[PDB]
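Number of protein chains: 4
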Amino acid sequence: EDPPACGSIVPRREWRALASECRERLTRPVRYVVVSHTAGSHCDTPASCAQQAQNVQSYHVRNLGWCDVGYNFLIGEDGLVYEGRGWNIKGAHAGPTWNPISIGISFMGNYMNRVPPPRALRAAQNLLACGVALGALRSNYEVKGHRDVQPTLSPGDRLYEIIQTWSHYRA
Amino acid sequence: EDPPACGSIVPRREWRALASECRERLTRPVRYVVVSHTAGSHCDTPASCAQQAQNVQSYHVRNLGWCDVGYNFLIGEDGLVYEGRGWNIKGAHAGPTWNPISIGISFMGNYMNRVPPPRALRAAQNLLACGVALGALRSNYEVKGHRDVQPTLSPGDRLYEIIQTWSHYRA
Amino acid sequence: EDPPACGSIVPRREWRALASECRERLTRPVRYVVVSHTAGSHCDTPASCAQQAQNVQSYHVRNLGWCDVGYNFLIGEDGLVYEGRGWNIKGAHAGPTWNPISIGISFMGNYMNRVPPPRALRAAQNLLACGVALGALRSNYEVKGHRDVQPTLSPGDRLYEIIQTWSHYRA
Amino acid sequence: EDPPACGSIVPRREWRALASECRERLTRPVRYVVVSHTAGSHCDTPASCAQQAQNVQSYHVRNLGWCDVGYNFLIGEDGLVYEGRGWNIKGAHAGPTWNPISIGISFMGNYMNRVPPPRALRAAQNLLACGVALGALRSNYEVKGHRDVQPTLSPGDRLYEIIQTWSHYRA
Ligand SMILES: CCCCCC[C@@H](O)[C@H](CCCCCC)C(=O)O
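Chains as they are written, first to last, in UniProt numbering: chain A, 23 to 193; chain B, 23 to 193; chain C, 23 to 193; chain D, 23 to 193.
Shown next, in the form of structure tokens:
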């Protein structure tokens, strides 16, 4: 009811999200951040990215029968962050070992032979800083790529090589 | 001064801004924020908006012969903030009494019979909070419409009505 | 480990409060708390403090023509808390800038050269914990002395000296 | 066009006032005058009174983040009137309902127990007569004490006693 949130996050409802049914709660301040890719289509406008966020949530809900879109946050090439399960709900993007001790953010697209535009890298880094600000992440939070906690090509070769340059990257 | 380099802002070179020739400085921290519209063409995608920002800087530099685009920041319906003279440099958006003491942000479009989309208002509000965090703005800063401090329709009847409900708005 | 787990508050009706005509609401969770004193006399019994809360209300309603007593809560030296406008209604105790974003608590009396008794300070700290427990105050809310946001000697030299030692005081 | 020189006022320049950042104007002729005291320590010489006017401003500007000392004028025990925000700029002394429609003058000192010397009272009345002659105040202006429009001991009991007898006062 006062000014909106840091990181300018597109709220669940704005991208016509089916309502969440998840209950497990994340014990924030959380240690880790896991960067992955959706391996779906990429989009570069808010109209094309609201549609894509909807589509990723629907594959997770209708087909895998999950309680909500598996990722805590989604990032579109349009340069905006899309609210997934948010800062407080356990995710479903990294396995039983990690989901409980991580926030999962996922870049919408396949980044094996492509890179996300700087604005998508920007929205991401800012979403992470707006994390501690709120007090959802720990000050010295570590960033792991998907393929560092699980056997998978995610987040793609090109994007995986960028996030290693990030200051908080590890292992 | 302080760590939290804040929010996402599309940089000058990305929107392909002509090099600025401005040198007068504002004194940190700034008390006032004047909100305006460009009464120009609107845009809803990262690509279309960079073009628009460029057109605005162009009309300003090339035809009005100012040192740079007149606004400190522009705001696109694409939901992204565009850098202008930035936080440190005196803009040219509100006349001689106000340009020396304010930060002028301008929504790109004609908000007479249209409100800007939610994401636009969010970036706009988000940018100000970042201003505060950086120390560019006063914690108790004040938001003013363009029409409050100059004879004009700017920033549109619709968006003027909207900014009136901002907690930092003082008439 | 369940619903109403906090504090003891003398309700409006129990102190004969005149009906409230205020309706504007605070946005929970509220981040700020402003500590004042009534600067008038004190009281140290259910009936005297209940009589006084009524005066302070009379002064604000009849003499000042206000919709309800200015404070969200008043603290008696009888060690009880008097429900003022409460947790959810914007008070009038700190100006147009702080009233909308804070909870105003007034200790009944004058503490320029006098401290409130141990139990009035417990009542007030206990009220705060209760505000957090309920999600009416941010877990990391801030305490401000009235003289820190308005020109006044309120809350009196001595009480002002005490609130500054508080875990939640931010100067 | 009647030309008088009612202004025996110590100019901001002369009391070493920091520069005002206030820009909101009062509409003349103003109908109300609100009398407050600074509740603070006092002065009785041009030298010490200029210094006190400095601290009173320092408090409002430095400790509180205000655009200028709060009062339109201040009254010294030395018999001189100090220029505050003046006749034309809305002061910040008596709240959002009264500030836009009143001139707030404040006696430098705490008058709960002393009365200000006759020369401070004369300075105040000649100050008001002057305003009326300039066309700044309605010939029939009403004088309110601070405690009459906001909850406060200001302007002090004894000086409150005195202003209640004034010709222009009104319940
Ligand atoms: C700024 C005033 C907003 C009012 C309180 C809303 C609050 O959620 C804020 C949201 C994001 C602000 C973070 C500063 C960059 C935060 O906790 O960080």
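Cβ atoms here follow ideal geometry from the backbone N, Cα and C, with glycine treated the same way.
Taking contact to mean at least 3 C-beta pairs separated by less than 8 Å, is the region 56 to 70 of chain B in contact with the region 171 to 178 of chain B?
yes
At the 8 Å Cβ level, is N148 of chain A part of the contact set with chain B, yes or no?
Looking up residue 148 of chain A in the first sequence gives position 126. Chain B, which has a Cβ nearer than 8 Å to the Cβ of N148 of chain A, makes this yes.
Would you say the beta carbon of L156 of chain A comes nearer than 7 Å to a heavy atom of ligand 1?
As a first step, residue 156 of chain A is located in the first sequence; it is residue number 134 there, counting from the start. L156 of chain A Cβ: within cutoff of ligand 1.
Min CB distance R53 of chain B to chain D below 8 Å
Against the second sequence, residue 53 of chain B aligns to sequence position 31. Yes, because at least one Cβ of chain D sits closer than 8 Å to the Cβ of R53 of chain B.
DSSP puts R47 of chain C in a beta bridge; with which residues?
In the third sequence, residue 47 of chain C corresponds to position 25, counting from 1. C:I111, per the DSSP bridge assignment.
Between the beta-carbon of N94 of chain A and the beta-carbon of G106 of chain A, is there less than 8 Å?
As a position in the first sequence, residue 94 of chain A is number 72, starting the count at 1. As a position in the first sequence, residue 106 of chain A is number 84, starting the count at 1. Yes, Cβ-Cβ distance for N94 of chain A and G106 of chain A is below 8 Å.
Under 8 Å between the Cβ atoms of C71 of chain A and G29 of chain A?
One-based indexing of the first sequence puts residue 71 of chain A at position 49. One-based indexing of the first sequence puts residue 29 of chain A at position 7. For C71 of chain A and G29 of chain A, no; Cβs fall outside 8 Å.
For ligand 1, is there a heavy atom less than 7 Å away from the beta-carbon of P25 of chain A?
Numbered from 1 along the first sequence, position 3 holds the residue referred to as residue 25 of chain A. Result yes, Cβ under 7 Å from ligand 1.
Please tell me whether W37 of chain C and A75 of chain C are closer than 8 Å, where the distance is taken between their beta carbons.
Against the third sequence, residue 37 of chain C aligns to sequence position 15. Against the third sequence, residue 75 of chain C aligns to sequence position 53. Yes, the Cβ-Cβ distance between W37 of chain C and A75 of chain C is below 8 Å.
Cross-chain neighbours of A145 of chain B in chain A, by beta carbon under 8 Å:
For the purposes of this step, residue 145 of chain B is identified with residue 123 of the second sequence, where counting begins at 1. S30, listed in chain order.
Strictly under 8 Å for the Cβ-Cβ distance: is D100 of chain A near chain B by that measure?
As a working note, residue 100 of chain A is residue 78 in the first sequence. True, the Cβ-Cβ gap to chain B drops below 8 Å.
Out of C:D24, C:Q79, C:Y54, C:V32, which has the shortest C-alpha to C-alpha gap to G101 of chain C?
Here residue 101 of chain C is taken as the residue at index 79 of the third sequence, counted from 1. Of the candidates C:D24, C:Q79, C:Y54, C:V32, the one whose C-alpha sits nearest the C-alpha of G101 of chain C is C:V32.
Mind checking whether the beta-carbon of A145 of chain B lies closer than 7 Å to any heavy atom of ligand 1?
Taking the first residue of the second sequence as position 1, residue 145 of chain B is located at position 123. The answer is no for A145 of chain B.
For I123 of chain D, which of helix, strand or coil comes out of DSSP?
By one-based count along the fourth sequence, residue 123 of chain D stands at place 101. Here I123 of chain D sits in helix by DSSP.
Which residue spans inside the UniProt domain "N-acetylmuramoyl-L-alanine amidase" (50 to 178) of chain D form an unbroken beta strand (DSSP E) run of at least 3?
52 to 59, 95 to 97, 103 to 105, 124 to 129, 159 to 167
Distance cut-off 7 Å: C44 of chain C Cβ against heavy atoms of ligand 1
On the third sequence, residue 44 of chain C is found 22 positions in, with the first residue counted as 1. Checking the Cβ of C44 of chain C against ligand 1 gives no.
Once you ignore the five residues that flank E46 of chain B on each side, which residues in its own chain have a CB closer than 6 Å to its CB?
One-based indexing of the second sequence puts residue 46 of chain B at position 24. Counting only Cβ-Cβ distances below 6 Å, and skipping sequence neighbours, we find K112.
Could you confirm whether any beta carbon from chain C is found closer than 8 Å to the beta carbon of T187 of chain D?
Within the fourth sequence, residue 187 of chain D is the residue found at index 165, counting from 1. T187 of chain D does not count as touching chain C.
Starting from the C-beta of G117 of chain C, find all residues in its chain whose C-beta is less than 8 Å away, skip the five residues before and the five after it, and write them out in chain order.
Mapped onto the third sequence, residue 117 of chain C falls at position 95. Result list for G117 of chain C: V171, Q172, in chain order.
Helix, strand or coil, according to DSSP, for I31 of chain B in the structure here?
Taking the first residue of the second sequence as 1, we reach residue 31 of chain B at position 9. Three-state result, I31 of chain B: coil.
In terms of alpha-carbon separation, which member of B:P138, B:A69, B:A114, B:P26 lies closest to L48 of chain B?
Within the second sequence, the letter at position 26 stands for residue 48 of chain B. Of B:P138, B:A69, B:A114, B:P26, the residue nearest in Cα terms is B:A114.
State the beta-bridge partners of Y191 of chain C as determined by DSSP.
Within the third sequence, the letter at position 169 stands for residue 191 of chain C. Paired residue(s): C:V165.
Do you know offhand how far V56 of chain B's Cα is from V78 of chain B's?
To locate residue 56 of chain B, count along the second sequence from 1; it is residue 34. To locate residue 78 of chain B, count along the second sequence from 1; it is residue 56. One C-alpha to the other measures close to 18 Å.
Helix, strand or coil, according to DSSP, for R38 of chain B in the structure here?
Counted from its first residue, the second sequence places residue 38 of chain B at position 16. Residue state, collapsed to three classes: coil.
Distance CB(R144 of chain A)-CB(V165 of chain A) smaller than 8 Å:
Position 122 of the first sequence holds residue 144 of chain A. Position 143 of the first sequence holds residue 165 of chain A. Not in contact: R144 of chain A and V165 of chain A (Cβ atoms no closer than 8 Å).
Note down, in chain order, each residue of its chain lying with its Cβ closer than 6 Å to the Cβ of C152 of chain A, except the 5 sequence neighbours on either side.
The count along the first sequence starts at 1 and reaches residue 152 of chain A at position 130. Excluding sequence neighbours, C152 of chain A sits near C28, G29.
Using a Cβ-Cβ cutoff of 8 Å, what residues of the region 32 to 47 of chain B are near chain A? List them in chain order.
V32, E36
Closer than 7 Å: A193 of chain A CB and nearest ligand 1 heavy atom:
One-based indexing of the first sequence puts residue 193 of chain A at position 171. Outside the cutoff, so no.
Output yes or no for whether 8 Å exceeds the beta carbon distance between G131 of chain A and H64 of chain A.
Your numbering for residue 131 of chain A matches position 109 in the first sequence. Your numbering for residue 64 of chain A matches position 42 in the first sequence. Going by C-beta atoms, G131 of chain A is nearer than 8 Å to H64 of chain A.
The region 60 to 80 of chain D: positions lying closer than 9 Å to chain C by Cβ
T60, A61, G62, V78
Quick one: list the residues of chain A neighbouring residue 195 of chain C, beta-carbon separation under 7 Å, in chain order.
Only positions 23 to 193 of chain C appear in the structure, and residue 195 of chain C is not among them; the question remains open.
Determine which residues of the region 130 to 142 of chain B have a Cβ less than 9 Å from any Cβ of chain A, and write them out in chain order.
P139, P140, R141
Beta carbons nearer than 9 Å to chain D: which residues of the region 167 to 181 of chain C have them?
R169, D170, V171, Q172, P173, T174, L175, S176
Neighbourhood of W88 of chain D by C-beta, 8 Å cutoff - its chain only, sequence neighbours within 5 removed
As a first step, residue 88 of chain D is located in the fourth sequence; it is residue number 66 there, counting from the start. Excluding sequence neighbours, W88 of chain D sits near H82, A114.
Does the Cβ of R50 of chain A lie closer than 7 Å to at least one heavy atom of ligand 1?
For the purposes of this step, residue 50 of chain A is taken as residue 28 along the first sequence, with counting starting at 1. Every heavy atom of ligand 1 is 7 Å or more from the Cβ of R50 of chain A, so no.
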